[PDB]
Asker: 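Sharing a structure here in structure tokens format.
Every chain is numbered from 1, with letters handed out A, B, ... down the list of sequences. Values reported hereafter were calculated over all heavy atoms of this structure, with side chains retained and with hydrogens, waters and symmetry mates removed.
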Amino acid sequence: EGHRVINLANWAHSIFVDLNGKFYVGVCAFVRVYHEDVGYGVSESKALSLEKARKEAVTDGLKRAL
Amino acid sequence: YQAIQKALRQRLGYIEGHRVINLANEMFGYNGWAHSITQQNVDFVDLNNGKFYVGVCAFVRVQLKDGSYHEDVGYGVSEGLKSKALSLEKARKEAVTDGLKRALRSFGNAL
Amino acid sequence: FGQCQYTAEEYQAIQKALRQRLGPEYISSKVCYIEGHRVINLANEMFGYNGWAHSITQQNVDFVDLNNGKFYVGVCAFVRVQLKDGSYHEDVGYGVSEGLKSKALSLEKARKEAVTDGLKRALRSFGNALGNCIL
Amino acid sequence: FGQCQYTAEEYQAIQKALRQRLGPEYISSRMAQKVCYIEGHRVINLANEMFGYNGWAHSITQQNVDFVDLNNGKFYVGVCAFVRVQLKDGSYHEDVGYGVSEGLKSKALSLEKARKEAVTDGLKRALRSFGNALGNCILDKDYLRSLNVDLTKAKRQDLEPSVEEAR
Amino acid sequence: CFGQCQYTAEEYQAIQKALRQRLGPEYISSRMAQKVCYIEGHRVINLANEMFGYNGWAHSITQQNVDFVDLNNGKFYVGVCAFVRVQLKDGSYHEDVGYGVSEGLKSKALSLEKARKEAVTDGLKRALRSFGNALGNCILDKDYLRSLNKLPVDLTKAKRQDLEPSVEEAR
Amino acid sequence: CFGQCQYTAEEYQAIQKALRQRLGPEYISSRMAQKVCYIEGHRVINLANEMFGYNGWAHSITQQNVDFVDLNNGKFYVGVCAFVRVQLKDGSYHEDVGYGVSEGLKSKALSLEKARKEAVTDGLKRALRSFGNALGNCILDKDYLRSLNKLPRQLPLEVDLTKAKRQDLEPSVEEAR
Amino acid sequence: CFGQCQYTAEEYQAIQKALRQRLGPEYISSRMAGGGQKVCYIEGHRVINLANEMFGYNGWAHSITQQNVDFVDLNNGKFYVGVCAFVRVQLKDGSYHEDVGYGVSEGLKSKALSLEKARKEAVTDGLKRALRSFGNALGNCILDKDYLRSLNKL
Amino acid sequence: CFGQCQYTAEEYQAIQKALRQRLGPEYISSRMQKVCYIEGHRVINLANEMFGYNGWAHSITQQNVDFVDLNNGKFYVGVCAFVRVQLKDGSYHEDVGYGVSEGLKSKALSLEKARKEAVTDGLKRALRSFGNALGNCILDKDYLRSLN
Amino acid sequence: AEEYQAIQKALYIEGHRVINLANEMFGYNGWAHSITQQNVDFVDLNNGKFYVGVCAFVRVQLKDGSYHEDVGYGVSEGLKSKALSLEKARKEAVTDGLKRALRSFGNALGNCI
DNA sequence: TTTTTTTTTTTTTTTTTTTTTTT
Ligand SMILES: [Mg+2]
Ligand SMILES: [Mg+2]
Ligand SMILES: [Mg+2]
Ligand SMILES: [Mg+2]
Ligand SMILES: [Mg+2]
């Protein structure tokens with residue numbers, strides 16, 4: 001979760017498909033703050049896929065910053 | 001000064017849009033936070049049995065005047081409603097509200 | 001307009017004055033809303049005639065369908081509202097026209113409605129005084 | 001222009017003057033039922049009186065032609081426009097206007113009429129957002145329900161002694 | 001300098017009073033269209049010159065666009081649009097649209113020339129109108145027009161030579 | 001420098017009262033287009049130089065576009081347009097549009113020659129016209145034109161070349177520096 | 001420095017008086033380019049020399065703002081080219097003029113020679129036309145019909 | 001510093017006198033109808049004579065390759081250059097230089113020749129506008145008749 | 001002042017000799033150079049061997065402010081590898097440009113023929 | 001639940017030959 005980073009840091013973070021009945025989408029997720037480190041995310045309804053994409057990439061992105 | 005760093009961790013009691021706006025207006029002030037729309041995309045519009053089904057994405061960016069910001073995503077749906085305009089309206093507005101809700105949560109527990 | 005820092009007295013007056021909820025005189029009906037001209041007047045009396053600014057970031061036409069001689073339109077507008085200090089809120093608004101035998105009139109009605117709605121919904125983010133206490 | 005700060009007294013005078021309504025000598029009605037409106041040139045005059053000939057500016061951000069359609073030799077045109085009005089201190093309001101031509105047999109005349117009408121309508125709607133004094137009171141139902149030239153000084157010579165002596 | 005030099009109280013007041021005034025029957029021309037009344041563009045140029053001075057105002061073309069060129073029965077039908085901006089010595093400005101038109105000519109270049117000139121002239125006329133009634137804004141008032149309808153050049157000192165002794169002396 | 005130097009009171013007043021003048025019948029040319037009247041470009045340049053001085057104005061070209069280059073029976077038809085901007089020492093300016101037309105020539109380089117030069121000439125003429133009656137703004141008036149047509153027809157004259165320049169050196173200018 | 005140095009009253013008066021002159025009969029060349037008509041003109045180097053005397057070797061400057069080839073065409077093995085240029089002339093104080101010059105090249109069977117000629121001619125023509133707006137001493141007097149009719153009957 | 005140093009009256013007058021002089025036969029070359037010109041190093045040394053080693057500068061603004069054509073295994077290349085010369089006072093001149101390479105089967109050699117020739121042609125045509133001592137006289141048809 | 005007259009009176013060819021000449025004529029801290037534009041002309045890896053063409057613009061500027069810009073050029077042929085070939089063309093082009101830039105100052109630093 | 005009258009004629013001929021060796 002973002003709680004660990006928000007506690008330690010204090011950081012800001014910026015930001016395809018498959019499509020029948022199963023979904024998977026790209027990420028376009030970046031992170032800033034010090035310099036930036038970018039990552040990418042995966043998914044698993046389009047809303048659920050996009051949201052999950054954004055979760056994981058941030059998680060991976062924060063790790064690299066660390 | 002230094003008060004917000006401790007006033008963000010507290011939680012009290014899903015959250016309605018107006019309530020998160022009202023709490024936003026308090027910690028930072030009416031002139032302490034701003035939000036913007038970065039993108040909207042009508043992913044699909046479908047017609048079945050005279051009823052329309054819509055799904056829309058939205059990119060919402062929230063910045064504190066200090067500089068820090070968090071862009072997040074939101075989605076909106078409108079199922080089983082005749083007429084397209086109402087469907088698109090509901091989906092777009094719900095998308096923006098949801099993106100705003102999820103954007104603000106990244107600054108701490110309080111929001 | 002863009003770097004005019006607020007003074008403490010006016011800052012506190014604004015912060016206290018925004019939270020006041022709207023009395024029954026303003027609200028009209030079912031759904032309870034606020035007319036656009038009332039919102040403009042409240043903004044003028046709240047920040048000053050030179051304390052806020054609004055613009056149109058972009059506007060899109062979603063469709064124009066003709067069915068039995070009648071036109072159906074939908075228009076999306078992104079309306080941005082700015083204060084003299086540098087704060088802003090952008091929000092979306094929609095406009096609809098149905099049953100009109102003229103395409104140009106339909107487009108006009110839709111575009112203007114979308115702009116007005118975006119303006120209404122963009123000001124609400126500032127405080128309860130302007131309409132946040134309506135739902 | 002763009003960086004001129006209002007004085008306190010001018011601020012207060014304009015704030016009080018904008019807050020008031022318009023008498024029955026500024027409103028006209030047309031059949032549509034009936035609709036009450038304020039003509040564009042009167043709004044320009046009111047803006048000049050309120051802010052001065054050098055107190056406000058207006059610009060066309062972008063226009064676009066929505067459609068040109070021909071039916072039985074008649075052209076139907078719809079034109080949009082974005083108009084931005086600004087004040088000396090920096091404040092501004094942008095609004096949309098729309099123009100229409102219906103039954104003209106000449107395409108060029110139709111485009112001309114539509115574009116000019118769109119610009120005028122957009123300016124009228126952009127000036128409204130500054131107060132009741134500039135037309136914001138005519139769409140209020142209560143006010144509408146409640147409501148319901150000598151040429152001796154006309155300029156006859158080019159030369160203007162007063163301005164030139166003051167120059 | 002232009003765009004950064006302010007007015008003074010006296011000049012500013014005089015210009016307000018002058019701009020508030022209307023125009024007389026000798027500034028007005030009529031044409032069939034059942035008549036229509038208007039002000040010629042060169043008259044407006046003169047009025048602007050003597051209202052703000054020869055160096056008090058500046059205009060520019062910010063955009064011009066051809067809408068269509070069409071041939072029918074060997075004749076060209078053209079339509080052009082122009083955005084004209086008028087600016088004042090303090091920084092104020094008014095931008096309006098002009099539109100030109102040409103129809104019935106058998107030459108394509110002549111049609112484009114006429115239309116593109118008419119566009120800028122009309123746009124300048126309409127941009128100067130929003131500074132006051134003196135600069136043409138009063139022509140749109142029906143009461144003024146019906147008031148005018150109820151009403152009842154031998155310059156031998158023309159410039160003959162090329163030099164300006166007084167201008168050279170002052171320079 | 002240019003664009004940052006202001007007029008003095010006497011200078012401004014003199015130029016203001018001079019620009020109000022209307023040109024006499026010896027600046028006016030005629031051509032058939034019904035007869036039409038005009039002022040030739042080099043005369044306009046001379047008038048501008050007298051009014052503001054050789055260092056008092058400046059003109060440029062902001063854009064030029066060719067509308068069309070067609071071919072018909074081996075003969076080219078060309079059309080060009082220019083945006084000509086004229087400026088003064090204080091900072092003022094005026095812009096206008098000039099159009100150049102060429103038709104009938106078998107060569108294509110010559111057609112663009114003529115069109116592209118005529119366009120800039122016309123643009124400069126019209127950009128200077130909006131400074132006063134003295135720089136050509138009076139020709140548009142019907143009253144002023146019907147006055148001239150009632151004046152006597154002045155016969156053509158011949159200039160005297162006894163004062164013409166015949167040596168590159170300019171002793172007065174050299175002494176001035 | 002160049003571009004921000006002011007003329008003195010005497011220099012302004014002198015240059016103003018000088019530029020009003022009309023050039024004598026030795027500066028006018030001639031051609032046969034009217035299909036039965038003659039045309040007068042002034043040579044380039046002569047105009048540069050006149051400018052150098054009037055303003056001095058450090059009183060003026062010029063540049064090229066843009067140049068573009070309208071067309072390079074081939075017909076019967078021969079190249080036809082047309083090039084246009086915009087030339088800006090400036091004075092020591094800031095005044096400037098800009099006009100258009102056009103170069104032509106019809107007949108040559110080499111592509112490089114045609115382009116060379118067209119470009120160089122266009123730039124020189126532009127420099128000539130820009131300097132023409134400063135006065136009669138720099139070629140503005142040629143367009144006069146009366147002035148030429150006087151020379152042709154000397 | 002350069003670009004902001006003014007000329008004294010004596011220096012300006014001396015240079016003004018010099019640049020009006022025409023060029024003798026020891027500077028004019030010829031070729032086969034007949035043509036005359038001045039070599040690049042000649043004009044460079046003349047410029048160093050008038051303005052001095054630290055009294056002038058030049059630079060390249062635009063170089064564009066008009067074409068690189070290959071026919072019969074033989075390249076034809078053309079390069080156009082714009083060169084700019086300025087003095088210490090601030091004055092400047094700019095003109096177009098050209099380079100032509102033909103017949104060389106080696107691509108790199110043709111390109112090198114054209115690119116290097118264009119700069120020098122433009123530099124010669126830029127210095128010409130300062131006066132007669134830097135080649136401006138060569139265009140004088142009467143002058144050539146006198147010298148020839 | 002006297003230094004100006006001295007230098008003016010003082011004012012193929014092997015490479016480093018010209019850099020030594022510039023060092024003596026103007027001094028170790030009297031001149032500088034920089035690379036402005038680089039370009040590559042034609043294709044590479046033809047018939048095993050490579051043909052590389054690189055042209056460079058070099059600007060030499062003195063302490064007072066005088067400067068000169070000239071064009072170099074570089075050619076690589078025979079070497080059957082992209083590696084260190086285009087680099088060789090780059091180095092050759094830069095050196096040729098520097099030599100041609102130092103030439104325009106005077107005879108002591110070039111002026112062939 | 002927003003929102004619904006505007007537009008008013010202009011354009012006036014110009015263009016006038018150059019270029020040509022270097023790394
Ligand atoms: Mg013309
Ligand atoms: Mg020519
Ligand atoms: Mg050559
Ligand atoms: Mg309408
Ligand atoms: Mg019209």
Side-chain angles (χ1 to χ4, degrees), chain C residues 28-29 31 33 35-37 95-96 105 108-110 112-117, chain D residues 28 30 32-33 35-37 39-40 99-101 109 112-114 116-118 120-121 124 138-139, chain E residues 29 31 33 36-41 100-102 110 113-115 117-118 121-122 125-126 139-140, chain F residues 29 31 33 36-41 100-102 110 113-115 117-119 121-122 125-126 139-140, chain G residues 29 31 33-34 37-41 43-44 103-105 113 116-118 120-121 124-125 142-143, chain H residues 29 31 35-37 39-40 98-100 109 112-113 116-117 120-121 139, chain I residues 12 73 96 100 112-113:
Chain C
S28 185
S29 175
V31 67
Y33 65 93
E35 290 179 353
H37 63 77
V96 187
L105 300 187
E108 156 166 32
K109 178 168 184 296
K112 285 164 174 180
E113 276 177 25
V115 176
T116 301
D117 291 331
Chain D
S28 66
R30 70 190 185 81
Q33 63 177 0
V35 65
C36 299
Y37 66 93
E39 274 151 348
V100 174
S101 196
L109 299 184
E112 175 182 39
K113 204 175 91 63
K116 284 162 168 183
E117 158 179 10
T120 303
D121 179 293
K124 268 207 289 191
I138 295 90
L139 75 164
Chain E
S29 311
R31 75 152 204 266
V36 174
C37 294
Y38 62 97
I39 182 171
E40 313 209 358
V101 168
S102 196
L110 301 193
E113 178 184 40
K114 180 180 181 294
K117 309 262 192 69
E118 201 176 46
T121 297
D122 186 74
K125 275 162 74 163
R126 268 174 57 99
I139 301 299
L140 321 181
Chain F
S29 308
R31 83 188 184 70
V36 177
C37 302
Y38 64 99
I39 180 169
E40 293 179 353
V101 176
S102 179
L110 307 194
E113 199 85 36
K114 192 207 160 147
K117 281 162 175 179
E118 189 180 328
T121 300
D122 220 345
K125 273 210 281 178
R126 274 169 58 92
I139 312 307
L140 305 161
Chain G
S29 306
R31 279 167 51 208
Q37 200 79 322
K38 184 201 76 56
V39 298
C40 289
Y41 70 96
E43 270 164 32
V104 181
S105 304
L113 308 194
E116 191 194 14
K117 184 195 177 295
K120 286 170 177 184
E121 160 180 6
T124 288
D125 208 43
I142 292 152
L143 297 104
Chain H
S29 291
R31 83 190 45 184
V35 168
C36 302
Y37 78 101
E39 293 83 3
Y98 210 62
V100 184
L109 263 64
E112 191 182 4
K113 179 173 180 292
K116 283 182 182 176
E117 164 177 7
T120 304
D121 203 38
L139 296 175
Chain I
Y12 64 91
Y73 198 81
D96 188 27
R100 299 193 87 242
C112 193
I113 303 163

Asker: With sequence neighbours left out, write down each residue that passes side chain to side chain contact (heavy atoms under 4.5 Å, CB included) with G/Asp125, or none if nothing qualifies.
Answerer: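 If we apply the side chain to side chain contact (heavy atoms under 4.5 Å, CB included) test to G/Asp125, skipping adjacent residues, the hits are F/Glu113, F/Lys117, G/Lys128.
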
Asker: Of all residues at least two apart in sequence or in a different chain, which pass the side chain to side chain contact (heavy atoms under 4.5 Å, CB included) check with E/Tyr38?
Answerer: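 Partners of E/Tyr38 by the side chain to side chain contact (heavy atoms under 4.5 Å, CB included) criterion, ordered by chain and then number, come out as E/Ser29, E/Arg31, E/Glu40.
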
Asker: List the residues meeting side chain to side chain contact (heavy atoms under 4.5 Å, CB included) with F/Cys37, not counting sequence neighbours, and say none if there are none.
Answerer: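 Only F/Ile28, F/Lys35, F/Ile139, F/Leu145 meet the side chain to side chain contact (heavy atoms under 4.5 Å, CB included) criterion with F/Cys37.
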
Asker: Using a cut-off of 4.0 Å between protein heavy atoms and nucleotide atoms, how would you tag nucleotides 6-12 of chain J 5' to 3' with B, S and -?
Answerer: BSBBBBB

Asker: Taking only residues two or more places apart in sequence or in another chain, which ones pass side chain to side chain contact (heavy atoms under 4.5 Å, CB included) with G/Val39?
Answerer: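 Counting only residues at least two positions away or on another chain, G/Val39 forms a side chain to side chain contact (heavy atoms under 4.5 Å, CB included) with G/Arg31, G/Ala33.
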
Asker: In chain order, what residues pass the side chain to side chain donor-acceptor pair (under 3.5 Å) check against D/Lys113, with sequence neighbours excluded?
Answerer: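 For D/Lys113, no residue satisfies side chain to side chain donor-acceptor pair (under 3.5 Å) once neighbours in sequence are set aside.
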
Asker: For the adjacent nucleotides J/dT16 and J/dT17, are both criteria met: ring-centre separation under 5.5 Å and interplanar angle under 30°?
Answerer: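 Stacking test on this dinucleotide step: no.
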
Asker: Identify, via the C1'-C2'-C3'-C4' dihedral, which side the sugar of J/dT14 sits on: north or south.
Answerer: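 Here the torsion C1'-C2'-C3'-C4' comes out negative, placing J/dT14 south.
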
